[PDB]
Chemist: 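Can you keep this structure in mind? I'll have questions shortly.
Order of the sequence lines fixes the chain letters, A, B, ..., with proteins taken first and strands second; residue numbering starts at 1 for each chain.
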Amino acid sequence: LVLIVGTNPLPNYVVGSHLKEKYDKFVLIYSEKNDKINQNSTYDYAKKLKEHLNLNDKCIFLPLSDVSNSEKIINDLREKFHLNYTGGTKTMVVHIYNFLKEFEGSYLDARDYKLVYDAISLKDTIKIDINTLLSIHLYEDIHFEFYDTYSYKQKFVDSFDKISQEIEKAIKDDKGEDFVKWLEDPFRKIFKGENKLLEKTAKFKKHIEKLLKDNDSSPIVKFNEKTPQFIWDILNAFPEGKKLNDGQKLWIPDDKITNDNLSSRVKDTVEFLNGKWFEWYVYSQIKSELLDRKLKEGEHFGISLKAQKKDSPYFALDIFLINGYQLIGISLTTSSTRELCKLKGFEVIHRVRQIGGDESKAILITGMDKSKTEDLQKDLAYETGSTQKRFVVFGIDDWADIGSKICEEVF
Amino acid sequence: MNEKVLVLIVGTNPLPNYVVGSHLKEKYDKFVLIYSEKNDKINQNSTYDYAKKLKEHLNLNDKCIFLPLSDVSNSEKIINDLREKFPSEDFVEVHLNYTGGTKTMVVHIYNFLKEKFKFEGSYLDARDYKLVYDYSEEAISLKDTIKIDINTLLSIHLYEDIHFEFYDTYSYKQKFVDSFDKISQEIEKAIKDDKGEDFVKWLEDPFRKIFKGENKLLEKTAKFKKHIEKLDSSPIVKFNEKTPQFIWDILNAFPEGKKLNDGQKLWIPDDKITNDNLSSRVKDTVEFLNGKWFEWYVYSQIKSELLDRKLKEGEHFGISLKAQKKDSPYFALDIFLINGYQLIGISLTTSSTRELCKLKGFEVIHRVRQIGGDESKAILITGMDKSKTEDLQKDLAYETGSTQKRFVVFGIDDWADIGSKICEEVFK
DNA sequence: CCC
DNA sequence: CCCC
RNA sequence: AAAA
Ligand SMILES: [Mn+2]
Ligand SMILES: [Mn+2]
Ligand SMILES: [Mn+2]
């Protein structure tokens, strides 16, 4: 079994995991680093493949000084040496399929998830976890949260379930559109102003005063009088020390309220209601189904995934999901705005590519109507050669049944 | 008679086939474009739209033969489709450039045209811009030979309704006639004097606290008055007392009818100021100072160095590019630049916030890949410091097999010499 | 890294 | 139209 | 894994 090590390590891991039991020795062709010819090395991917495929003594590393020149290829192939030709450049594939012949040949079809011999579907045969997937793509310090280790369960203890159930009831009663509009106005008009607004008692008090310069038109009036009943019930499901409501009105802090007391009461509550809630909602709707499909939490799905390349910044991904050996990254936002949603679309498309390879699927769930979501999908669509979409946008109309929506899209 | 044929494999990246065709059309008489056919059962999309664009922008006419393949991943079906559809006419030289298509297509097409036949196989190197012949052992550099314009580049990637702006037709030269040159020169002086950081921080506070907030703030006298009422911590005093001198100069470079200052102080409308009077004075000035100016500044610091390299404006560079796929939303790119056959898209922002600049980074990465192919380069110019600039480059870096970066970020410390920095990054 |  |  |  011979493999060509390009910049996408996942196809070689899938083929290697399958065609290791039937083989003895393993050769991996990798490129060298020549900054002059703008050629980087895939040796790091070749090492990850050996480690994650357990090939300590059977593995042979063959370096090619130039993967774009047949002359320098064969010269390097001469001095040192079932071919799966799925990876590497076109030259590497030609001048190795022929050099070695001068003999079975395989190829992993990224479109139908089948290894083809010069057949066998591997979509429900070869499996991978989140740690192995990000490791072969060179990411480390992987951490995520479980259903029972969710961060906000520790912040609103003894009240989270009531809070989450109340929000879940509203969304399943098709109130998600009403919730978003109230979040835009007046919620974000009171609790989203300047930086450190909810951390300095004076900053918040000044903001509240200036808001009372419009009287009945002031957003605090919309909060007090024109707030729907299901939103009050959500607000009142929070602990009294973490409530944004003073009984049935907007809480105005006296100057005696310390900065840590204001922050300890408002900050966690505002950030959750301004969007983090939607992360938990979707994840809870998904976990109620994926377990029936034998997926294991922490191995094949989870929430708040974070990792980094070596000495490099961390990324944040709301939800990850592995179906067979395809990564499905899900980005979540309550925004109904085209600018932000588009940018969020660019982000999730690039992230799943970085951590799961070029055949990963990105899903963006927004608070936009059906027309805006179709426009965004077309705007960000990129041609990969497949009929199935690798970027999918959902909208406010999908929130109530988002669990089955994602199940149909992923599986 | 002695008919010589060139064979190209139509993958999802049309640019390499256009470059190979533009360089080899003169040497061959027939051209066979092997493309894929759509079959949803095997999740196989078709690349025929690219092969059709290749015939159009290469002017192949009837000397073009379209050879469809049913399954780009099945060795047997490819071999059968090739035998029943490759031209059996006796040729003298058969040249296959196997740069595109799937790995399976490349394997068997190369062998099929190896047994049937003079023969020569070629491959275009995306890393060092070199066409490698498999038997001539020549490696011709096409980086300075084959050229492409913005219209043909976006067209072969299936985009249309392309429009952009020129140096002389720039939008704000139409809005600030006579005064634009004075406004632009004063700003360029301060930036080339390393006053970029000061300007940015002054734009964040107190400029954006005064002229940015509610919608239609600067077009409604009542909304602007209430805003000023709400504002010794107010940004108005920071404007009237703390505003630096080079900013007073660029503010005074505006016409007195379009100036935000009322004479070393903030102009506050009286109660006889119409809504239209307010917007006519400050709207264009605020929007130009909040960021539009930076687009013109960067474009002006590069136009000279681009013309010196014999690039033609409108075809190889331009400002405010816009295009769309058929019946699809439009994109907007601040600056575009084509070096040989490589697109360089430049997104510009004066923001120093890490989150907004990160999102702007994802944007320019995706757009240049959509309109220019997978070997395009994206540049993001920000008002961030070098440490955050370098952090963003590593955060968004994607490995494709090159040593040179395909996503570059520049920061506030590059503004004074941004022309040379772009020149060295693009041309090397 | 919510918006 | 997408300046921040 | 359809200019690695
Ligand atoms: Mn494991
Ligand atoms: Mn999110
Ligand atoms: Mn811009």
Chemist: When you check the side-chain N and O atoms of B:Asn13 and B:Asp374, is any donor under 3.5 Å from an acceptor?
Modeler: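 A pair is found: one side chain offers a donor N or O, the other an acceptor, under 3.5 Å apart.
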Chemist: The side chain of A:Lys276 is closest to which nucleotide in this list: D:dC3, C:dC2, E:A2?
Modeler: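 The closest nucleotide is C:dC2.
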Chemist: Counting any heavy atom closer than 4.0 Å, what does B:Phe288 reach on the DNA or RNA strands: base, sugar-phosphate only, or nothing?
Modeler: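 Result for B:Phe288 = nothing.
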Chemist: Using a heavy-atom cut-off of 4.0 Å across all strands, would you classify B:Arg354 as base, sugar-phosphate, or nothing?
Modeler: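 Result for B:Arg354 = nothing.
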Chemist: What's the CG-P distance between A:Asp375 and D:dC2, to the nearest Å?
Modeler: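 It works out to 17 Å between those atoms.
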Chemist: Can you tell which of C:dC1, E:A3, C:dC2 lies closest to the side chain of B:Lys358?
Modeler: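 Nucleotide nearest to B:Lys358's side chain: C:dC1.
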Chemist: Is the phosphate of D:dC3, meaning OP1 or OP2, less than 4.0 Å from a side-chain N or O of B:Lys360?
Modeler: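 Indeed, a polar side-chain atom of B:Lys360 lies that close.
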Chemist: For the ring pair A:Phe187 and A:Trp182, is the centre-to-centre distance below 6.0 Å?
Modeler: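 For A:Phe187 and A:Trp182, the ring centres are under 6.0 Å apart.
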Chemist: Taking the side chain of A:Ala316 as heavy atoms from C-beta outward, which of C:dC1, D:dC3, E:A2 is closest to it?
Modeler: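 When the side chain of A:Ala316 is considered, C:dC1 is the closest of C:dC1, D:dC3, E:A2.
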Chemist: Heavy atoms from C-beta onward define the side chain here; which of E:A2, E:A3, D:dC3 lies closest to that of B:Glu287?
Modeler: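 Minimum distance to the B:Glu287 side chain belongs to D:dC3.
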Chemist: Students often get this wrong, so: under 4.0 angstrom with heavy atoms, is B:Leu15 touching a base, only sugar-phosphate, or nothing?
Modeler: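 Here B:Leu15 touches the bases of the nucleic acid.
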Chemist: Going by modelled atom types, is there a donor-acceptor pair between the base of C:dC1 and the side chain of A:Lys306 at under 3.5 Å?
Modeler: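 Checked by distance alone, the answer is no.
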Chemist: Take atom CD1 of B:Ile148 and atom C1' of E:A3, then tell me their distance rounded to the nearest Å.
Modeler: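 After rounding, the gap between these two atoms is 14 Å.
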Chemist: From C-beta outward on B:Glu355, which listed nucleotide comes closest to its side chain: C:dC2, D:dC3, C:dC1?
Modeler: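 Of all the options, the side chain of B:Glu355 is nearest to C:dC1.
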Chemist: Describe the nucleic acid contact of A:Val5 in one word from base, sugar-phosphate, nothing, applying a heavy-atom distance below 4.0 Å.
Modeler: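 Base contact.
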Chemist: Need one value for A:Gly275: base, sugar-phosphate or nothing, where a base atom within 4.0 Å counts as base even if backbone is also close, heavy atoms only.
Modeler: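 A:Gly275: backbone/sugar contact only, no base atoms under 4.0 Å.
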Chemist: Find the distance B:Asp71:CG to E:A2:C1' and express it as a whole number of Å.
Modeler: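 Distance check: B:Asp71 CG to E:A2 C1' gives 12 Å.
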Chemist: Over all strands shown, is B:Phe331 touching base, sugar-phosphate only, or nothing at heavy-atom distances under 4.0 angstrom?
Modeler: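 Here B:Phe331 touches the bases of the nucleic acid.
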Chemist: Kindly point out which of D:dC4, C:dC2, E:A3 is positioned nearest to the side chain of A:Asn274?
Modeler: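 Within the option list, the nearest is C:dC2.
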Chemist: Counting just side-chain N and O atoms, does A:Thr384 come under 4.0 Å of either OP1 or OP2 of E:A2?
Modeler: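 Checking A:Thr384 against E:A2: no side-chain N or O falls below 4.0 Å of OP1 or OP2.
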Chemist: Once you apply a heavy-atom cut-off of 4.0 Å, does B:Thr349 come out as touching a base, just sugar-phosphate, or nothing?
Modeler: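 B:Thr349: backbone/sugar contact only, no base atoms under 4.0 Å.
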Chemist: Quick one: which of C:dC1, C:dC2, E:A3 gets closest to the side chain of A:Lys90?
Modeler: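 In terms of side-chain proximity for A:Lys90, the closest of C:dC1, C:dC2, E:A3 is E:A3.
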Chemist: With a 4.0 Å limit, can you tell me whether B:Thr12 has a side-chain N or O closer than that to the phosphate oxygens OP1/OP2 of E:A3?
Modeler: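 Yes.
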Chemist: Return the orientation label for the A:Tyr283 and A:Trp280 ring planes: parallel under 30°, perpendicular over 60°, tilted otherwise.
Modeler: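 Rings of A:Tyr283 and A:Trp280: tilted, 30 to 60°.
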Chemist: Can you check the A:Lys267 NZ to C:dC1 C1' distance for me, whole Å?
Modeler: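 Rounding to the nearest Å, NZ of A:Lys267 and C1' of C:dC1 are 12 Å apart.
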Chemist: B:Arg208 has a side chain; which of D:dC4, E:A3, D:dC2 sits nearest to it?
Modeler: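 My answer, after comparing the listed nucleotides, is D:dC4.
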Chemist: Check the distance between D:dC2's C1' and A:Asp379's CG and give it to me in whole angstrom.
Modeler: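 After rounding, the reported distance stands at 11 Å.
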Chemist: What's the CG-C1' distance between A:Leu340 and D:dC3, to the nearest Å?
Modeler: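 In whole Å, D:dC3 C1' and A:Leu340 CG are 16 Å from each other.
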Chemist: Working note: B:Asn97 + B:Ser122, criterion side chain to side chain donor-acceptor pair (under 3.5 Å); need CA distance, chi angles, decisive distance, verdict.
Modeler: CA-CA 5 Å; B:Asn97 183 275; B:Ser122 57; 2.8 Å; yes
Chemist: Centre-to-centre under 6.0 Å for A:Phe272 and A:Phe156, is that the case here?
Modeler: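 Yes, the ring centres sit under 6.0 Å apart.
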Chemist: Looking only at the aromatic ring of each residue, does the gap between the centers of B:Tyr129 and B:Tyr341 stay below 6.0 angstrom?
Modeler: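 Close enough - the centres of the two rings lie under 6.0 Å apart.
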Chemist: Check every strand shown and say whether B:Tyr123 touches a base, only sugar-phosphate, or nothing at a heavy-atom separation below 4.0 Å.
Modeler: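 Answer is sugar-phosphate: B:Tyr123 comes under 4.0 Å of backbone atoms only.
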Chemist: Reckon B:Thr350 has a side-chain N or O less than 4.0 Å from the OP1 or OP2 of D:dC4?
Modeler: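 Checking B:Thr350 against D:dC4: at least one side-chain N or O falls below 4.0 Å of OP1 or OP2.
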Chemist: Categorize B:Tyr341 for me: base, sugar-phosphate, or nothing, with a 4.0 angstrom heavy-atom threshold over every strand shown.
Modeler: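 If one applies the 4.0 Å heavy-atom cut-off, B:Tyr341 turns out to touch a base.
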Chemist: Which part of the nucleic acid, if any, lies within reach of A:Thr42 when heavy atoms closer than 4.0 Å are counted: base, sugar-phosphate only, or nothing?
Modeler: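 Base contact.
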Chemist: Base, sugar-phosphate or nothing for B:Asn45? Non-hydrogen atoms, less than 4.0 Å.
Modeler: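 The residue B:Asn45 makes base contact.
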Chemist: Under 6.0 Å between ring centres, would you say that holds for A:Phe144 and A:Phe320?
Modeler: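 Ring-ring flag for A:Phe144/A:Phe320: true, centres closer than 6.0 Å.
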Chemist: Look at B:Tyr50 and E:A2 and indicate whether a side-chain polar atom (N or O) is within less than 4.0 Å of OP1 or OP2.
Modeler: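 Answer no for this pair, as no side-chain N or O of B:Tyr50 is under 4.0 Å from OP1 or OP2.
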